[PDB]
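For this one, two forms of the same chain are given in structure tokens, first as structure 1 and then as structure 2.
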Structure 1
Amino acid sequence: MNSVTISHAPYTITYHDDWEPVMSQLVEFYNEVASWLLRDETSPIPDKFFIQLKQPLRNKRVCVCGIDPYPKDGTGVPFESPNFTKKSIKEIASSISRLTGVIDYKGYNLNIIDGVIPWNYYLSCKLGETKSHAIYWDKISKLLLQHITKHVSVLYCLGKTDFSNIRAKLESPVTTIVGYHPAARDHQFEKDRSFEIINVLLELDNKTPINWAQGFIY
């Protein structure tokens, strides 16, 4: 778990050894469009842009990748809400309760689930404007997705139209699961009971299935 001192002011890089082959290359990208996205205030603070780098990618089995961080109260960890009032996290918790049978979720964090990493396609967005810095992360988003899919067996995406042509953006052949969005993937709410698909896919690849219960906080 090394770190780099780039020519701007993010502090939470702290990249693991798994990201070592590509992290330096990522730095080059951050030397191109740093100011264009840094001119406007972002939903995550610059000290929270690259928080999702301390997690090792070795003993990880499932990747959950979102579209962009929340427009408000950005914490740098996807699906991490200290108030549990956001629509996405609440819908995910309700789906977990309905598919498992656990009630009274006082707390629910996806950072403590064994085998599932919380990920976002775009690493930051402007305050109030979702994925405002879209064209400023396209190379970085593709690099991160390519690095992730080569270390995980399954990929659970968020949103339909946003990840419509994900096959073109993913030249590496990896079994990708077409997941919808909690609130509305295409202006319509969906439920998408497919966690058993991930469980049986992990069972096929000679590894333990994901227990969707370790994330509850009491």
Structure 2
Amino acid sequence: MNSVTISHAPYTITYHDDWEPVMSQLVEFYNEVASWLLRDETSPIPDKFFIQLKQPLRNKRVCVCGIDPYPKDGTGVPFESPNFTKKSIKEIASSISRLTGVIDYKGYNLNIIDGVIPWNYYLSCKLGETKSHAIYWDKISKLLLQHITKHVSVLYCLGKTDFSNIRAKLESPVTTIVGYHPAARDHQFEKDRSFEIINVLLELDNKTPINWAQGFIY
């Protein structure tokens, strides 16, 4: 739960002790890019950059990874919006409410679920357009994903072509599932049977099963 300071707007690096061999290199990886990153207006909150780096990562067994925060608005944590309107979150919630058996809900908020953590590959975005900050975050995203992979047992990513080069991105082998994005034509995410896959992979790797309907918010 410690923190370190830098010479750039966010300078709010509150991090946990189990994230120790990350910050000492993230400082140099971010100093050379913050000057050009902070010259534009983004659509996360600028203080919401190093907010998931203080959580204990040796508690989760499956990691769901996003490629980019919402092009419009944004909170700071992936796949969370207590203003439920978006199509991707609707498609995510429908196919899991059918599986679990709960029909009455007011959103999902996947972050609160124990044993899973939502991850955003690119820690920043811009209003109106997506994937407009890839160059500023490429090496940082590589290092962060490598560290997260080193601790978790199975990784889940959204986007076939968007995550088509993830095997070379990591040097340590790991169980990886790359799923179709829930915005493509024909709604292919309906056919995506991946939550059962990741669960049964947890039982196959002698890990404690993770309840999935816990995160529902009423």
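The term rigid core refers to the most C-alpha atoms you can superpose between the two forms while keeping them within 1.5 Å. Start at 1 and count along the sequence of structure 1; that gives the residue numbers used here.
Lining up the core between structures 1 and 2 shows that one residue from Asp186, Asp47, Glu32, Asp192 moves its Cα 2 Å or more, and that residue is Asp186. Taking the rigid core as fixed, one finds a CA shift for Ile13 of 2 Å or more between structures 1 and 2.
Relative to the superposed core, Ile210 moves its CA by 2.1 Å between structures 1 and 2.
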